[PDB]
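Notes follow once the structure below has been shown.
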Amino acid sequence: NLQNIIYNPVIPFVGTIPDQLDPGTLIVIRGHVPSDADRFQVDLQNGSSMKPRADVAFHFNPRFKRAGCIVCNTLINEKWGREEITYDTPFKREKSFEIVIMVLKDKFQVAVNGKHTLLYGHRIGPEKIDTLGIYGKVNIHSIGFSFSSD
Ligand SMILES: O=C(O)c1ccc2ccc(CO[C@@H]3C=CO[C@H](CO)[C@@H]3O)nc2c1
Ligand SMILES: [Cl-]
């Protein structure tokens, strides 16, 4: 049931999500962190405006300085909300990964390399997400969706 919208996209990548992010929908991202990486992000956006910047329902932002972390947050009218930081990060420089985002009724559930990593409660209705963005120092092998639609 996995339908890739792309392989080996140039970074930054910005793409339209082909169906609604209904409860039960999976987003699967396969990739690798370069050795010199400081951060990268996956942004589920309401639109693709660069100026002013599109609302980000879900900012998933692995950071690599010191013992590393993941910052998750939401951008509404170009303001960030309260950061949700996970200090347990499975991401490392020069390591491949499989990110799985599961869209539930009330939150995203993210697993990496087949292990639970974090939850994040919806602050924008996920039905308002229509765009996926990947920015920063990262190589992406694939991006795909398993929709509730099919
Ligand atoms: O790494 C890159 O090349 C790249 C590309 C596009 C970007 C867009 C935005 C930001 C700033 O991010 C925010 C700064 C501080 O806190 C926020 C989270 O609350 C959030 O992480 N950094 C970027 C970095
Ligand atoms: Cl839920």
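Here, A, B, ... name the chains of the structure tokens in the order displayed, residue numbers run from 1 inside each chain, and ligands are numbered from 1 in the same displayed order.
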
Exercise answer, 7 Å around ligand 1 with only C-alpha atoms and all ligand atoms, as an mmCIF file with C-alpha atoms, in the first residue's frame:
```
data_model
loop_
_atom_site.group_PDB
_atom_site.id
_atom_site.type_symbol
_atom_site.label_atom_id
_atom_site.label_comp_id
_atom_site.auth_asym_id
_atom_site.auth_seq_id
_atom_site.Cartn_x
_atom_site.Cartn_y
_atom_site.Cartn_z
ATOM 1 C CA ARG A 39 20.341 19.752 11.455
ATOM 2 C CA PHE A 40 17.633 18.858 8.872
ATOM 3 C CA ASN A 61 13.882 18.818 13.193
ATOM 4 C CA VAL A 71 12.911 19.549 18.127
ATOM 5 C CA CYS A 72 9.218 19.389 17.069
ATOM 6 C CA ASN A 73 7.112 22.573 16.835
ATOM 7 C CA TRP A 80 6.868 29.169 16.452
ATOM 8 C CA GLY A 81 4.903 27.706 19.463
ATOM 9 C CA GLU A 83 9.217 23.525 21.381
ATOM 10 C CA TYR A 135 15.346 21.205 4.190
ATOM 11 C CA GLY A 136 18.954 21.192 5.573
ATOM 12 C CA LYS A 137 21.907 18.689 5.453
#
```

12 Å from ligand 2 is the threshold here; counting only C-alpha atoms and all ligand atoms, which polymer residues fall inside it? Answer as JSON, numbers by chain. {"A": [22, 23, 24, 102, 103, 104, 105, 106, 107, 108, 109, 119, 120, 121, 122]}

Select from chain A everything DSSP, run on the backbone, classes as strand (DSSP E), then give the selection as an mmCIF file with N, CA, C and O atoms, in the first residue's frame.
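The resulting file, part03.cif, is shown below:
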```cif
data_model
loop_
_atom_site.group_PDB
_atom_site.id
_atom_site.type_symbol
_atom_site.label_atom_id
_atom_site.label_comp_id
_atom_site.auth_asym_id
_atom_site.auth_seq_id
_atom_site.Cartn_x
_atom_site.Cartn_y
_atom_site.Cartn_z
ATOM 1 N N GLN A 3 2.822 4.144 -1.777
ATOM 2 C CA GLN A 3 2.942 4.824 -3.097
ATOM 3 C C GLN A 3 3.900 6.040 -3.002
ATOM 4 O O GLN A 3 3.482 7.136 -2.499
ATOM 5 N N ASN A 4 5.155 5.849 -3.449
ATOM 6 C CA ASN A 4 6.234 6.873 -3.426
ATOM 7 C C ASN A 4 5.782 8.004 -4.334
ATOM 8 O O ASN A 4 5.212 7.696 -5.327
ATOM 9 N N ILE A 5 5.892 9.249 -3.896
ATOM 10 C CA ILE A 5 5.785 10.445 -4.785
ATOM 11 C C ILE A 5 7.191 10.884 -5.266
ATOM 12 O O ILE A 5 7.237 11.918 -6.010
ATOM 13 N N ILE A 6 8.290 10.184 -4.902
ATOM 14 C CA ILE A 6 9.637 10.618 -5.363
ATOM 15 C C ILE A 6 10.753 9.713 -4.853
ATOM 16 O O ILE A 6 10.660 9.263 -3.743
ATOM 17 N N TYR A 7 11.833 9.613 -5.617
ATOM 18 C CA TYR A 7 13.150 9.047 -5.229
ATOM 19 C C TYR A 7 14.252 10.101 -5.442
ATOM 20 O O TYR A 7 14.176 10.871 -6.392
ATOM 21 N N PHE A 13 13.640 19.843 -0.973
ATOM 22 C CA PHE A 13 12.472 19.326 -1.727
ATOM 23 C C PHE A 13 11.181 19.960 -1.180
ATOM 24 O O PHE A 13 10.986 19.971 0.024
ATOM 25 N N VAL A 14 10.280 20.391 -2.040
ATOM 26 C CA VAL A 14 8.893 20.785 -1.641
ATOM 27 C C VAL A 14 7.933 20.064 -2.574
ATOM 28 O O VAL A 14 8.092 20.258 -3.745
ATOM 29 N N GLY A 15 7.023 19.215 -2.078
ATOM 30 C CA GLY A 15 6.065 18.501 -2.966
ATOM 31 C C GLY A 15 4.633 18.527 -2.461
ATOM 32 O O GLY A 15 4.439 18.511 -1.245
ATOM 33 N N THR A 16 3.656 18.578 -3.366
ATOM 34 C CA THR A 16 2.221 18.432 -3.022
ATOM 35 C C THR A 16 1.962 17.000 -2.530
ATOM 36 O O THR A 16 2.468 16.039 -3.144
ATOM 37 N N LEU A 26 0.149 6.683 6.677
ATOM 38 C CA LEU A 26 1.618 6.648 6.921
ATOM 39 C C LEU A 26 2.357 7.551 5.924
ATOM 40 O O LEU A 26 1.988 7.566 4.714
ATOM 41 N N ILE A 27 3.362 8.280 6.424
ATOM 42 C CA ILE A 27 4.410 8.963 5.615
ATOM 43 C C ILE A 27 5.737 8.249 5.879
ATOM 44 O O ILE A 27 6.113 8.142 7.015
ATOM 45 N N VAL A 28 6.360 7.672 4.868
ATOM 46 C CA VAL A 28 7.633 6.907 5.012
ATOM 47 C C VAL A 28 8.745 7.646 4.262
ATOM 48 O O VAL A 28 8.602 7.885 3.031
ATOM 49 N N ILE A 29 9.807 8.007 4.988
ATOM 50 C CA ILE A 29 10.978 8.736 4.426
ATOM 51 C C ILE A 29 12.232 7.916 4.712
ATOM 52 O O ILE A 29 12.524 7.664 5.906
ATOM 53 N N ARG A 30 12.940 7.530 3.659
ATOM 54 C CA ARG A 30 14.225 6.781 3.743
ATOM 55 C C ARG A 30 15.360 7.729 3.335
ATOM 56 O O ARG A 30 15.146 8.523 2.396
ATOM 57 N N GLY A 31 16.470 7.728 4.066
ATOM 58 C CA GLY A 31 17.564 8.679 3.828
ATOM 59 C C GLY A 31 18.793 8.411 4.679
ATOM 60 O O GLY A 31 18.844 7.398 5.376
ATOM 61 N N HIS A 32 19.747 9.342 4.634
ATOM 62 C CA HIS A 32 21.097 9.248 5.252
ATOM 63 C C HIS A 32 21.526 10.648 5.681
ATOM 64 O O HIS A 32 21.205 11.576 4.956
ATOM 65 N N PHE A 40 18.508 18.946 10.066
ATOM 66 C CA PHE A 40 17.633 18.858 8.872
ATOM 67 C C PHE A 40 16.191 18.862 9.373
ATOM 68 O O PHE A 40 15.970 18.642 10.567
ATOM 69 N N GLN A 41 15.233 19.130 8.501
ATOM 70 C CA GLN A 41 13.825 19.138 8.963
ATOM 71 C C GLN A 41 12.926 18.482 7.926
ATOM 72 O O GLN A 41 13.246 18.547 6.728
ATOM 73 N N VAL A 42 11.856 17.862 8.414
ATOM 74 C CA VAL A 42 10.656 17.449 7.630
ATOM 75 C C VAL A 42 9.517 18.334 8.123
ATOM 76 O O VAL A 42 9.276 18.365 9.343
ATOM 77 N N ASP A 43 8.930 19.111 7.230
ATOM 78 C CA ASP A 43 7.817 20.060 7.516
ATOM 79 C C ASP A 43 6.554 19.629 6.751
ATOM 80 O O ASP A 43 6.575 19.516 5.517
ATOM 81 N N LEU A 44 5.499 19.321 7.485
ATOM 82 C CA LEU A 44 4.161 19.137 6.921
ATOM 83 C C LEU A 44 3.508 20.524 6.968
ATOM 84 O O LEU A 44 3.360 21.080 8.083
ATOM 85 N N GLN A 45 3.278 21.088 5.780
ATOM 86 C CA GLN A 45 2.910 22.508 5.599
ATOM 87 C C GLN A 45 1.475 22.608 5.088
ATOM 88 O O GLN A 45 1.021 21.745 4.304
ATOM 89 N N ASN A 46 0.796 23.663 5.508
ATOM 90 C CA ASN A 46 -0.421 24.176 4.851
ATOM 91 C C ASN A 46 0.064 25.115 3.755
ATOM 92 O O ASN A 46 0.305 26.295 4.093
ATOM 93 N N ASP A 55 2.355 28.121 6.933
ATOM 94 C CA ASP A 55 2.163 27.448 8.245
ATOM 95 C C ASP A 55 2.764 26.034 8.165
ATOM 96 O O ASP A 55 2.679 25.387 7.098
ATOM 97 N N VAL A 56 3.438 25.615 9.235
ATOM 98 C CA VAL A 56 3.983 24.251 9.393
ATOM 99 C C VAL A 56 3.204 23.629 10.536
ATOM 100 O O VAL A 56 3.398 24.076 11.661
ATOM 101 N N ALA A 57 2.324 22.670 10.237
ATOM 102 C CA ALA A 57 1.570 21.914 11.257
ATOM 103 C C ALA A 57 2.562 21.090 12.074
ATOM 104 O O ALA A 57 2.430 21.025 13.305
ATOM 105 N N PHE A 58 3.557 20.522 11.409
ATOM 106 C CA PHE A 58 4.503 19.572 12.045
ATOM 107 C C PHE A 58 5.913 19.802 11.479
ATOM 108 O O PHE A 58 6.212 19.422 10.341
ATOM 109 N N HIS A 59 6.766 20.402 12.315
ATOM 110 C CA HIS A 59 8.225 20.567 12.136
ATOM 111 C C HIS A 59 8.882 19.437 12.910
ATOM 112 O O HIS A 59 8.786 19.447 14.121
ATOM 113 N N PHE A 60 9.455 18.481 12.208
ATOM 114 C CA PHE A 60 10.313 17.414 12.760
ATOM 115 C C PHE A 60 11.780 17.714 12.419
ATOM 116 O O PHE A 60 12.181 17.451 11.323
ATOM 117 N N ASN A 61 12.565 18.178 13.393
ATOM 118 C CA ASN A 61 13.882 18.818 13.193
ATOM 119 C C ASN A 61 14.949 18.110 14.025
ATOM 120 O O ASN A 61 15.257 18.551 15.120
ATOM 121 N N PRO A 62 15.543 16.986 13.538
ATOM 122 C CA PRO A 62 16.722 16.407 14.186
ATOM 123 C C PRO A 62 17.887 17.403 14.188
ATOM 124 O O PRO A 62 18.115 18.016 13.162
ATOM 125 N N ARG A 63 18.550 17.538 15.347
ATOM 126 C CA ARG A 63 19.759 18.381 15.599
ATOM 127 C C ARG A 63 20.879 17.466 16.101
ATOM 128 O O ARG A 63 20.563 16.457 16.761
ATOM 129 N N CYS A 69 19.508 15.782 19.563
ATOM 130 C CA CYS A 69 18.088 15.773 19.967
ATOM 131 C C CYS A 69 17.198 15.848 18.720
ATOM 132 O O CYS A 69 17.726 15.814 17.585
ATOM 133 N N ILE A 70 15.885 15.897 18.932
ATOM 134 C CA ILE A 70 14.868 16.257 17.896
ATOM 135 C C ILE A 70 13.976 17.347 18.493
ATOM 136 O O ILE A 70 13.425 17.139 19.623
ATOM 137 N N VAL A 71 13.868 18.468 17.780
ATOM 138 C CA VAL A 71 12.911 19.549 18.127
ATOM 139 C C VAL A 71 11.709 19.353 17.222
ATOM 140 O O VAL A 71 11.920 19.118 16.039
ATOM 141 N N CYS A 72 10.506 19.332 17.798
ATOM 142 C CA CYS A 72 9.218 19.389 17.069
ATOM 143 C C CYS A 72 8.482 20.645 17.482
ATOM 144 O O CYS A 72 8.576 21.014 18.645
ATOM 145 N N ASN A 73 7.820 21.307 16.545
ATOM 146 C CA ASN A 73 7.112 22.573 16.835
ATOM 147 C C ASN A 73 6.147 22.873 15.684
ATOM 148 O O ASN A 73 6.094 22.079 14.720
ATOM 149 N N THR A 74 5.381 23.958 15.812
ATOM 150 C CA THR A 74 4.364 24.408 14.837
ATOM 151 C C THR A 74 4.578 25.897 14.559
ATOM 152 O O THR A 74 4.756 26.652 15.540
ATOM 153 N N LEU A 75 4.606 26.272 13.275
ATOM 154 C CA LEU A 75 4.633 27.683 12.788
ATOM 155 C C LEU A 75 3.224 28.110 12.322
ATOM 156 O O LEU A 75 2.679 27.494 11.394
ATOM 157 N N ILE A 76 2.637 29.099 12.988
ATOM 158 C CA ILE A 76 1.331 29.723 12.602
ATOM 159 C C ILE A 76 1.581 31.218 12.374
ATOM 160 O O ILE A 76 2.116 31.863 13.294
ATOM 161 N N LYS A 79 5.011 32.533 13.477
ATOM 162 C CA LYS A 79 5.448 32.418 14.896
ATOM 163 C C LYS A 79 5.575 30.932 15.265
ATOM 164 O O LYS A 79 4.626 30.200 15.018
ATOM 165 N N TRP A 80 6.695 30.522 15.844
ATOM 166 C CA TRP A 80 6.868 29.169 16.452
ATOM 167 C C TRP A 80 6.130 29.088 17.808
ATOM 168 O O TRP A 80 6.064 30.102 18.505
ATOM 169 N N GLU A 84 8.825 21.129 21.538
ATOM 170 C CA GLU A 84 8.725 19.800 22.173
ATOM 171 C C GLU A 84 10.006 19.053 21.828
ATOM 172 O O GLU A 84 10.201 18.711 20.673
ATOM 173 N N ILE A 85 10.882 18.877 22.792
ATOM 174 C CA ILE A 85 12.251 18.382 22.497
ATOM 175 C C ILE A 85 12.364 16.961 23.023
ATOM 176 O O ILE A 85 11.983 16.730 24.172
ATOM 177 N N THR A 86 12.874 16.063 22.193
ATOM 178 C CA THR A 86 13.165 14.663 22.561
ATOM 179 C C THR A 86 14.679 14.513 22.566
ATOM 180 O O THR A 86 15.274 14.664 21.511
ATOM 181 N N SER A 96 22.203 5.894 7.913
ATOM 182 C CA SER A 96 20.908 5.831 7.196
ATOM 183 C C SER A 96 19.760 5.738 8.198
ATOM 184 O O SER A 96 20.024 5.415 9.375
ATOM 185 N N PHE A 97 18.544 6.029 7.749
ATOM 186 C CA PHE A 97 17.338 5.966 8.604
ATOM 187 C C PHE A 97 16.101 5.641 7.763
ATOM 188 O O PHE A 97 16.074 5.962 6.557
ATOM 189 N N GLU A 98 15.103 5.040 8.413
ATOM 190 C CA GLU A 98 13.717 5.029 7.907
ATOM 191 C C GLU A 98 12.800 5.753 8.890
ATOM 192 O O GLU A 98 12.546 5.176 9.949
ATOM 193 N N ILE A 99 12.317 6.949 8.552
ATOM 194 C CA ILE A 99 11.289 7.650 9.370
ATOM 195 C C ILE A 99 9.914 7.132 8.953
ATOM 196 O O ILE A 99 9.567 7.215 7.745
ATOM 197 N N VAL A 100 9.103 6.717 9.919
ATOM 198 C CA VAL A 100 7.660 6.453 9.682
ATOM 199 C C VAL A 100 6.833 7.418 10.536
ATOM 200 O O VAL A 100 6.910 7.366 11.750
ATOM 201 N N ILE A 101 6.110 8.318 9.896
ATOM 202 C CA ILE A 101 5.097 9.163 10.574
ATOM 203 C C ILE A 101 3.735 8.510 10.378
ATOM 204 O O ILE A 101 3.332 8.379 9.247
ATOM 205 N N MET A 102 3.078 8.125 11.470
ATOM 206 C CA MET A 102 1.672 7.664 11.505
ATOM 207 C C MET A 102 0.755 8.838 11.900
ATOM 208 O O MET A 102 0.973 9.409 12.982
ATOM 209 N N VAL A 103 -0.225 9.195 11.069
ATOM 210 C CA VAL A 103 -1.196 10.275 11.403
ATOM 211 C C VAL A 103 -2.369 9.637 12.150
ATOM 212 O O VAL A 103 -3.125 8.866 11.495
ATOM 213 N N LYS A 107 -2.881 13.156 17.032
ATOM 214 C CA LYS A 107 -1.403 13.338 17.057
ATOM 215 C C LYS A 107 -0.701 12.610 15.911
ATOM 216 O O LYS A 107 -1.347 11.843 15.206
ATOM 217 N N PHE A 108 0.577 12.934 15.711
ATOM 218 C CA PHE A 108 1.525 12.165 14.885
ATOM 219 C C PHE A 108 2.243 11.210 15.823
ATOM 220 O O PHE A 108 2.374 11.544 16.983
ATOM 221 N N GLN A 109 2.495 10.002 15.349
ATOM 222 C CA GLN A 109 3.357 9.008 16.034
ATOM 223 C C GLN A 109 4.530 8.731 15.096
ATOM 224 O O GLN A 109 4.269 8.277 13.980
ATOM 225 N N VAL A 110 5.746 8.997 15.543
ATOM 226 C CA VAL A 110 6.948 8.826 14.693
ATOM 227 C C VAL A 110 7.783 7.674 15.239
ATOM 228 O O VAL A 110 8.087 7.678 16.439
ATOM 229 N N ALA A 111 8.089 6.704 14.381
ATOM 230 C CA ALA A 111 9.076 5.639 14.621
ATOM 231 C C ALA A 111 10.213 5.795 13.609
ATOM 232 O O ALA A 111 9.940 6.151 12.464
ATOM 233 N N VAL A 112 11.438 5.499 14.025
ATOM 234 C CA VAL A 112 12.648 5.499 13.167
ATOM 235 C C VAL A 112 13.312 4.122 13.263
ATOM 236 O O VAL A 112 13.492 3.617 14.351
ATOM 237 N N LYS A 115 11.536 1.580 15.597
ATOM 238 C CA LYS A 115 11.454 1.830 17.051
ATOM 239 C C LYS A 115 10.698 3.146 17.313
ATOM 240 O O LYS A 115 11.004 4.160 16.647
ATOM 241 N N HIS A 116 9.770 3.143 18.277
ATOM 242 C CA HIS A 116 9.015 4.351 18.683
ATOM 243 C C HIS A 116 10.018 5.454 18.984
ATOM 244 O O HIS A 116 11.042 5.147 19.599
ATOM 245 N N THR A 117 9.739 6.676 18.555
ATOM 246 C CA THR A 117 10.639 7.827 18.787
ATOM 247 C C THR A 117 9.887 8.967 19.485
ATOM 248 O O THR A 117 10.443 9.514 20.418
ATOM 249 N N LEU A 118 8.686 9.343 19.048
ATOM 250 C CA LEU A 118 7.944 10.429 19.751
ATOM 251 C C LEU A 118 6.520 10.574 19.231
ATOM 252 O O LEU A 118 6.222 10.073 18.143
ATOM 253 N N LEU A 119 5.701 11.228 20.049
ATOM 254 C CA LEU A 119 4.333 11.711 19.739
ATOM 255 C C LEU A 119 4.382 13.232 19.602
ATOM 256 O O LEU A 119 5.345 13.864 20.116
ATOM 257 N N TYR A 120 3.379 13.790 18.935
ATOM 258 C CA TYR A 120 3.186 15.253 18.809
ATOM 259 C C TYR A 120 1.717 15.510 18.522
ATOM 260 O O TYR A 120 1.250 15.116 17.466
ATOM 261 N N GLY A 121 1.017 16.078 19.487
ATOM 262 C CA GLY A 121 -0.400 16.470 19.357
ATOM 263 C C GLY A 121 -0.596 17.463 18.244
ATOM 264 O O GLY A 121 0.233 18.342 18.110
ATOM 265 N N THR A 131 1.154 19.880 1.713
ATOM 266 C CA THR A 131 2.529 20.025 1.203
ATOM 267 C C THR A 131 3.521 19.383 2.164
ATOM 268 O O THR A 131 3.370 19.591 3.385
ATOM 269 N N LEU A 132 4.543 18.728 1.620
ATOM 270 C CA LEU A 132 5.678 18.197 2.397
ATOM 271 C C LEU A 132 6.988 18.840 1.933
ATOM 272 O O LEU A 132 7.246 18.825 0.730
ATOM 273 N N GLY A 133 7.788 19.338 2.878
ATOM 274 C CA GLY A 133 9.087 20.012 2.666
ATOM 275 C C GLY A 133 10.199 19.286 3.426
ATOM 276 O O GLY A 133 9.992 18.901 4.576
ATOM 277 N N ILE A 134 11.360 19.105 2.807
ATOM 278 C CA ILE A 134 12.569 18.594 3.492
ATOM 279 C C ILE A 134 13.719 19.558 3.197
ATOM 280 O O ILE A 134 14.037 19.762 2.004
ATOM 281 N N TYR A 135 14.308 20.132 4.255
ATOM 282 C CA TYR A 135 15.346 21.205 4.190
ATOM 283 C C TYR A 135 16.543 20.789 5.051
ATOM 284 O O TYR A 135 16.349 19.939 5.951
ATOM 285 N N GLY A 136 17.726 21.352 4.765
ATOM 286 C CA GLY A 136 18.954 21.192 5.573
ATOM 287 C C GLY A 136 19.901 20.110 5.045
ATOM 288 O O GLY A 136 19.790 19.754 3.873
ATOM 289 N N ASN A 139 20.372 13.569 2.914
ATOM 290 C CA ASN A 139 20.135 12.875 1.623
ATOM 291 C C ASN A 139 18.887 12.011 1.802
ATOM 292 O O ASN A 139 18.778 11.342 2.833
ATOM 293 N N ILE A 140 17.978 12.087 0.843
ATOM 294 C CA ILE A 140 16.664 11.402 0.861
ATOM 295 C C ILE A 140 16.681 10.433 -0.313
ATOM 296 O O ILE A 140 16.942 10.906 -1.496
ATOM 297 N N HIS A 141 16.515 9.143 -0.002
ATOM 298 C CA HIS A 141 16.425 8.045 -1.002
ATOM 299 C C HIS A 141 14.986 7.962 -1.523
ATOM 300 O O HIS A 141 14.828 7.793 -2.761
ATOM 301 N N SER A 142 13.986 8.139 -0.644
ATOM 302 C CA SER A 142 12.540 8.061 -1.005
ATOM 303 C C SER A 142 11.605 8.728 0.006
ATOM 304 O O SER A 142 11.918 8.787 1.179
ATOM 305 N N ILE A 143 10.448 9.130 -0.493
ATOM 306 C CA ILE A 143 9.317 9.737 0.250
ATOM 307 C C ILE A 143 8.052 9.107 -0.313
ATOM 308 O O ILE A 143 7.856 9.225 -1.532
ATOM 309 N N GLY A 144 7.210 8.528 0.530
ATOM 310 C CA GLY A 144 6.036 7.755 0.089
ATOM 311 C C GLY A 144 4.902 7.867 1.080
ATOM 312 O O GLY A 144 5.158 8.253 2.237
ATOM 313 N N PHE A 145 3.695 7.571 0.634
ATOM 314 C CA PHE A 145 2.474 7.604 1.464
ATOM 315 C C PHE A 145 1.737 6.273 1.352
ATOM 316 O O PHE A 145 1.675 5.656 0.269
ATOM 317 N N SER A 146 1.202 5.855 2.489
ATOM 318 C CA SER A 146 0.206 4.781 2.605
ATOM 319 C C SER A 146 -1.105 5.427 3.048
ATOM 320 O O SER A 146 -1.234 5.733 4.257
#
```

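The coordinates place CA of residue 49 in chain A at 24.8 Å from CA of residue 147 in chain A.
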
Polymer residues at most 7 Å from residue 68 in chain A, only C-alpha atoms, same-chain spacing of 2 or more positions, as a list in words: residues 63, 64, 65, 66, 87 and 89 of chain A

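Proximity ranking of A:25, A:20, A:77, A:48 relative to residue 2 in chain A places A:25 first, based on only C-alpha atoms.
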
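From CA of residue 34 in chain A back to CA of residue 78 in chain A, the distance works out to 28.8 Å.
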
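Between CA of residue 150 in chain A and CA of residue 1 in chain A the separation is 7.7 Å.
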
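Considering the residues A:149, A:53, A:37, A:138 and counting only C-alpha atoms, residue 8 in chain A has its shortest atom-to-atom contact with A:138.
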